[PDB]
């Protein structure tokens, strides 16, 4: 059965950087066929898709993070990544990922002094 776990999150000072990992298990040779996305949660049950990459590598991002966030994928390691540069206090959130229709519980990212 397919599962995804997020890692690489934590506390960072403003302007710092983080590299999040979305690791998949239970995919056989099939990881490459799914799209994968990164989302962040805000209070009030607000959920914002912050990065998307499809099965051929097409990407997109919302304006709030364009230029600062980059999503990438490794089909041999069955793993994806979100590179987050120039973090801001407003970037504080739980970040979670998806692969096809399977979701992860997420990990906390905190940008503070």
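Residue numbers count along the first chain shown, from 1.
The stretch with the higher mean CA B factor, choosing between 14-22 and 97-105, is 14-22. Stretches 48-56 and 62-70 differ in mean C-alpha B factor, with the higher average recorded for 62-70. Per the deposited record, the Cα B-factor of residue 87 falls in the highest third when ranked against the other modelled residues of its chain. The entry lists a Cα temperature factor for residue 30 that places it in the middle third of the chain's modelled residues.
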